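Peer 1: Take a look at this one; I'll ask things after.
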Amino acid sequence: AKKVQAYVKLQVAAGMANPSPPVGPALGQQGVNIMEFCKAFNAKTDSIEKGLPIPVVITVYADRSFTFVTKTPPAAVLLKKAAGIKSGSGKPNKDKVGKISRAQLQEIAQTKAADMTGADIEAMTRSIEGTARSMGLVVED
Amino acid sequence: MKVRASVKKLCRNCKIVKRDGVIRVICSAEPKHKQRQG
Amino acid sequence: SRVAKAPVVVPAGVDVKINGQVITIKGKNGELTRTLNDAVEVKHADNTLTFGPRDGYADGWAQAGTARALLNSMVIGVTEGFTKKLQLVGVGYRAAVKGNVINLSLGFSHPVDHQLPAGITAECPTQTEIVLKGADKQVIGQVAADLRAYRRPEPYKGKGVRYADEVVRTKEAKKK
Amino acid sequence: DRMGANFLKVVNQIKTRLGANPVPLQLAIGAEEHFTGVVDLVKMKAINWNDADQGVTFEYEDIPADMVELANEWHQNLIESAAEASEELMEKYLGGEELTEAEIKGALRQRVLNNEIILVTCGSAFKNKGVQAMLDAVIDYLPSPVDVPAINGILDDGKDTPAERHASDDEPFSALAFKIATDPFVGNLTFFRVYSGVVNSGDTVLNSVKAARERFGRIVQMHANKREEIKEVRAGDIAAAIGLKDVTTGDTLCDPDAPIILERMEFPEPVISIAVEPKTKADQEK
RNA sequence: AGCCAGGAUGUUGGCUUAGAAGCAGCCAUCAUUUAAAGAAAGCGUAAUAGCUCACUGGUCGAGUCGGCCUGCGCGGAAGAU
């Protein structure tokens, strides 16, 4: 949409109301009331069981305005939400633990298909196979 | 201006121009990176 | 070259006096003349000025490459002008214009009031901002840089006299 | 009398950083080096000061001609400051009854018991420019011990009944203990201030918060330095409650069968801790 | 080589998460779009907001660029009636 003024996509798990210090600056860019971004998203945050980093983007406007785009959580954390542990990448090509087939990957891609125009089904399938091999995970169908 | 026999282009944005014959190397933000001899 | 692909277009309102090597430009508010070197072949051809490097002085591509940039600035300097603003950041430091004289509240035991030459119409909107106006590009810097050299930008506070567009690099104490 | 010393900047900087509401009164005449006048705005009079003497003149004149309009636009904000202090001056700011020097202070003095506005004054201490000016506001903008709420001794533990006692000599005695210095003559000393009541010389002054008995010795007043023996302490003097056996921070100095205070608020914490070590082994004994 | 010029945007890139959130460092080192973009070079920095390299995506509208070999030149080069 917009241009060289501001465009950063950063939001982490929305159970924490206070802007986490490293996220702070993406809210510390164009003069927000930080209570506004706390009161914008919580009307829909009560339709979730919190625990995963959900992303939003920030985008700005002239006087004191701003805007933001809501999407669904990415499949990268959805790989390690089902797998139990949040960080598995210790050795990529030397660990063979943990299987999920393609059927789980497409049903977490329909929620991408019902939300976004990129991150398409069949193209991300090798990168949701590619985030498996870097973590040291196996896949079979 | 520090003096030494070696003018080595050290800082990432280091200008080199031959003022009076003796080389002195021009940085932008670092005064420490400026030598003059050689 | 790039300079050979750069001719300058004199407009109406600035008259040239081509006595060969000596050109005296009759302009809007002044007389911006430069007595160039003999490594140039000058001709105000139709309206757009064309130049040339003389033989023998084949390094006159440099010596007239100065000149192509030179006279372009002269015809636009005698008419429009240069705004050369300086930013006085000093504890108790003021600036005020009277006639052609500038005060210098410069933290000394005695005042410094230096008279400024022709080609200068100076102004001061406040104690920290000071206009300089002029016709030559050299004289609009030379009288400006002398003030700045009396109190250089101090890189521990940001203290000093500094230009409008100049951005200092102030450091931190880090010991005590 | 310094460079960069803008009076109107600093008082209008409080409304930005401190967030308060200052309406200043004594303004400035002079370009800080030929400075001669301090512009009192109620009486609209500038004051001449000493050529360089340590204190000769007090010569009041009119507003000078070089500041005839800045006195105009700032006096009209002075006389605003009573229409929104008391509700009764609201209808004579607009009706146009005269706002004299004496009438406006009767509202603004009651604006010091709530403290929404502070009263500001520019001048020099060292150049003897303003010090003789600054004293008349103290009797008219700083509160007296008989104009304030006086000693309010509550009780002990029975019931919360805060009791405004009298500021005159017609009460049981009361004081407080603070600035309790030392000396190699008598040992412990105090810089105590009595709020009301009169004590004679020689008394069984207790400290009723910590259950100890003390006797009242030879009380001594100072010029902040020199021993002057104050025998009869009147209500409102500041002296040295000498000869206290034990005394803590802020307990009462009071005769029994009287009201009693028990108050110690905001006990501090000295933070930086350094360990002192003796030089000789005879030193650690001392 | 400069002025406009997006720095297309999956991601928080883990670990150990206290921040080691492209910018501390070890293993991977795929890329949803590939007419412009790397799981990355420094500065801003606890982290990032700010500013770029990346392709120059659109303008100028011609030459230009980094090294190898030799002819010579400069610096290196300060001493004592």
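To be explicit about the labels: the chains of the structure tokens are called A, B, and onward in the order shown, and within each one the residues are counted from 1, while ligands get numbers from 1 in the order they are shown.
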May I ask you to extract the residues of chain B within 12 Å of chain C, using only C-alpha atoms, and to give them as an mmCIF file with C-alpha atoms, in the first residue's frame?

Peer 2:
data_model
loop_
_atom_site.group_PDB
_atom_site.id
_atom_site.type_symbol
_atom_site.label_atom_id
_atom_site.label_comp_id
_atom_site.auth_asym_id
_atom_site.auth_seq_id
_atom_site.Cartn_x
_atom_site.Cartn_y
_atom_site.Cartn_z
ATOM 1 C CA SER B 28 33.420 11.356 6.951
ATOM 2 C CA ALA B 29 32.477 10.684 10.549
ATOM 3 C CA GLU B 30 35.712 9.163 11.893
ATOM 4 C CA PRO B 31 38.550 11.600 12.561
#

Peer 1: Taking a cut-off of 10 Å and counting only C-alpha atoms (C1' of nucleotides), can you build a table that, for each residue of chain B near chain E, reports the nearest atom pair and how far apart they are in Å (one decimal), sorted by chain then residue number, as JSON lines?

Peer 2:
{"residue": "B:4", "atom": "CA", "partner": "E:76", "partner_atom": "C1'", "distance": 9.2}
{"residue": "B:5", "atom": "CA", "partner": "E:76", "partner_atom": "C1'", "distance": 6.2}
{"residue": "B:6", "atom": "CA", "partner": "E:76", "partner_atom": "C1'", "distance": 9.2}
{"residue": "B:12", "atom": "CA", "partner": "E:42", "partner_atom": "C1'", "distance": 8.6}
{"residue": "B:18", "atom": "CA", "partner": "E:74", "partner_atom": "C1'", "distance": 9.8}
{"residue": "B:21", "atom": "CA", "partner": "E:74", "partner_atom": "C1'", "distance": 6.5}
{"residue": "B:22", "atom": "CA", "partner": "E:75", "partner_atom": "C1'", "distance": 5.9}
{"residue": "B:23", "atom": "CA", "partner": "E:75", "partner_atom": "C1'", "distance": 7.6}
{"residue": "B:36", "atom": "CA", "partner": "E:75", "partner_atom": "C1'", "distance": 9.5}
{"residue": "B:37", "atom": "CA", "partner": "E:75", "partner_atom": "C1'", "distance": 6.1}
{"residue": "B:38", "atom": "CA", "partner": "E:75", "partner_atom": "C1'", "distance": 4.1}

Peer 1: Return as a PyMOL selection string the full set of residues in region 103-161 of chain C whose backbone-based DSSP assignment is alpha helix (DSSP H).

Peer 2: chain C and resi 139-148

Peer 1: Give me, as an NGL selection string, the residues of chain E touching chain C, with the criterion being at most 12 Å (counting only C-alpha atoms (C1' of nucleotides)).

Peer 2: :E and (1 or 60-64)

Peer 1: Keeping only N, CA, C and O atoms (P, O5', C5', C4', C3', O3' and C1' of nucleotides), write the selected residues to a file as a PDB file, in the first residue's frame.

Peer 2:
ATOM      1  P     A E   1      28.169   3.769  -9.814  1.00  0.00           P
ATOM      2  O5'   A E   1      28.118   5.359  -9.976  1.00  0.00           O
ATOM      3  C5'   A E   1      29.229   6.195  -9.568  1.00  0.00           C
ATOM      4  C4'   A E   1      28.851   7.663  -9.656  1.00  0.00           C
ATOM      5  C3'   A E   1      27.626   8.108  -8.862  1.00  0.00           C
ATOM      6  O3'   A E   1      27.928   8.322  -7.475  1.00  0.00           O
ATOM      7  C1'   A E   1      27.529   9.029 -11.045  1.00  0.00           C
ATOM      8  P     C E  60      14.883  12.014 -20.009  1.00  0.00           P
ATOM      9  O5'   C E  60      16.234  12.631 -19.417  1.00  0.00           O
ATOM     10  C5'   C E  60      17.413  12.778 -20.242  1.00  0.00           C
ATOM     11  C4'   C E  60      18.657  12.817 -19.377  1.00  0.00           C
ATOM     12  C3'   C E  60      19.988  12.741 -20.119  1.00  0.00           C
ATOM     13  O3'   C E  60      20.393  14.010 -20.651  1.00  0.00           O
ATOM     14  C1'   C E  60      20.041  11.328 -18.209  1.00  0.00           C
ATOM     15  P     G E  61      20.366  14.270 -22.247  1.00  0.00           P
ATOM     16  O5'   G E  61      21.064  12.988 -22.903  1.00  0.00           O
ATOM     17  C5'   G E  61      22.402  12.557 -22.518  1.00  0.00           C
ATOM     18  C4'   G E  61      22.571  11.071 -22.786  1.00  0.00           C
ATOM     19  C3'   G E  61      22.562  10.627 -24.248  1.00  0.00           C
ATOM     20  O3'   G E  61      23.873  10.728 -24.836  1.00  0.00           O
ATOM     21  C1'   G E  61      21.049   9.286 -23.001  1.00  0.00           C
ATOM     22  P     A E  62      24.069  10.552 -26.435  1.00  0.00           P
ATOM     23  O5'   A E  62      25.544  11.111 -26.712  1.00  0.00           O
ATOM     24  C5'   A E  62      26.709  10.238 -26.796  1.00  0.00           C
ATOM     25  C4'   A E  62      27.251   9.952 -25.408  1.00  0.00           C
ATOM     26  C3'   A E  62      28.597   9.232 -25.322  1.00  0.00           C
ATOM     27  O3'   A E  62      29.685  10.168 -25.390  1.00  0.00           O
ATOM     28  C1'   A E  62      27.037   8.205 -23.854  1.00  0.00           C
ATOM     29  P     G E  63      31.032   9.801 -26.212  1.00  0.00           P
ATOM     30  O5'   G E  63      31.481   8.379 -25.625  1.00  0.00           O
ATOM     31  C5'   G E  63      32.421   8.269 -24.522  1.00  0.00           C
ATOM     32  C4'   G E  63      31.770   7.549 -23.361  1.00  0.00           C
ATOM     33  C3'   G E  63      32.674   7.056 -22.234  1.00  0.00           C
ATOM     34  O3'   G E  63      33.027   8.102 -21.316  1.00  0.00           O
ATOM     35  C1'   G E  63      31.119   5.357 -22.820  1.00  0.00           C
ATOM     36  P     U E  64      34.334   7.951 -20.375  1.00  0.00           P
ATOM     37  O5'   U E  64      33.962   6.765 -19.372  1.00  0.00           O
ATOM     38  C5'   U E  64      32.819   6.867 -18.492  1.00  0.00           C
ATOM     39  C4'   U E  64      32.503   5.524 -17.864  1.00  0.00           C
ATOM     40  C3'   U E  64      33.631   4.845 -17.104  1.00  0.00           C
ATOM     41  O3'   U E  64      33.804   5.404 -15.801  1.00  0.00           O
ATOM     42  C1'   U E  64      32.537   3.251 -18.468  1.00  0.00           C
TER      43        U E  64
END

Peer 1: Which residues are near region 98-114 of chain A? Cut-off 8 Å, only C-alpha atoms (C1' of nucleotides), ignore same chain within fewer than 4 positions. Put them as a PyMOL selection string.

Peer 2: chain A and resi 72+75+78+83+119-121+125+128+137-141

Peer 1: What's the 12 Å shell around region 24-39 of chain E, counting only C-alpha atoms (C1' of nucleotides), without same-chain residues fewer than 5 positions away, as a PyMOL selection string?

Peer 2: (chain A and resi 74-75+88-95+109+112+116-136) or (chain E and resi 5-11+13-15+19+46+53-58)

Peer 1: Tell me which protein, DNA and RNA residues are within 10 Å of residue 45 (chain A), counting only C-alpha atoms (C1' of nucleotides), leaving out same-chain ones fewer than 5 positions away, and put them as JSON, numbers by chain.

Peer 2: {"A": [14, 15, 40, 50, 54]}

Peer 1: Select residues of chain C: the criterion is any atom within 12 Å of an atom of chain D, counting only C-alpha atoms; output as a PyMOL selection string.

Peer 2: chain C and resi 89-94+105-107+127-128

Peer 1: Store the residues picked out above in a file with C-alpha atoms, as a PDB file, in the first residue's frame.

Peer 2:
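This is the output file part08.pdb:
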ATOM      1  CA  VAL C  89      23.869  27.201  19.647  1.00  0.00           C
ATOM      2  CA  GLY C  90      25.734  28.844  22.530  1.00  0.00           C
ATOM      3  CA  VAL C  91      24.872  29.519  26.182  1.00  0.00           C
ATOM      4  CA  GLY C  92      24.021  33.198  26.160  1.00  0.00           C
ATOM      5  CA  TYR C  93      24.942  33.709  22.519  1.00  0.00           C
ATOM      6  CA  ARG C  94      23.162  36.265  20.367  1.00  0.00           C
ATOM      7  CA  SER C 105      28.331  37.181  21.593  1.00  0.00           C
ATOM      8  CA  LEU C 106      31.091  34.578  21.826  1.00  0.00           C
ATOM      9  CA  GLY C 107      31.847  34.011  25.509  1.00  0.00           C
ATOM     10  CA  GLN C 127      19.630  35.792  18.282  1.00  0.00           C
ATOM     11  CA  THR C 128      20.401  32.282  17.007  1.00  0.00           C
TER      12      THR C 128
END

Peer 1: Which neighbours of residue 21 (chain A) fall inside 12 Å, counting only C-alpha atoms (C1' of nucleotides), when residues of the same chain fewer than 6 positions from it are skipped, and could you give them as a list in words?

Peer 2: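 Residues near the query, excluding close chain neighbours: residues 11, 12, 27 and 28 of chain A; 18, 19, 21, 46, 47, 48 and 49 of chain E.
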
Peer 1: For region 172-180 of chain D, please output as a ChimeraX atom specification all residues within 7 Å (counting only C-alpha atoms (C1' of nucleotides); exclusion window: fewer than 5 positions along the same chain).

Peer 2: /D:189-198,249-255,258

Peer 1: To test your reading of the structure, identify every residue in region 7-244 of chain D that backbone DSSP assigns to strand (DSSP E or B), and report it as JSON, numbers by chain.

Peer 2: {"D": [26, 27, 28, 29, 37, 38, 39, 40, 45, 46, 47, 60, 61, 121, 124, 129, 130, 152, 153, 163, 164, 174, 175, 176, 182, 183, 187, 188, 192, 193, 194, 195, 196, 199, 206, 207, 212, 220, 221, 228, 229, 233, 238, 239]}
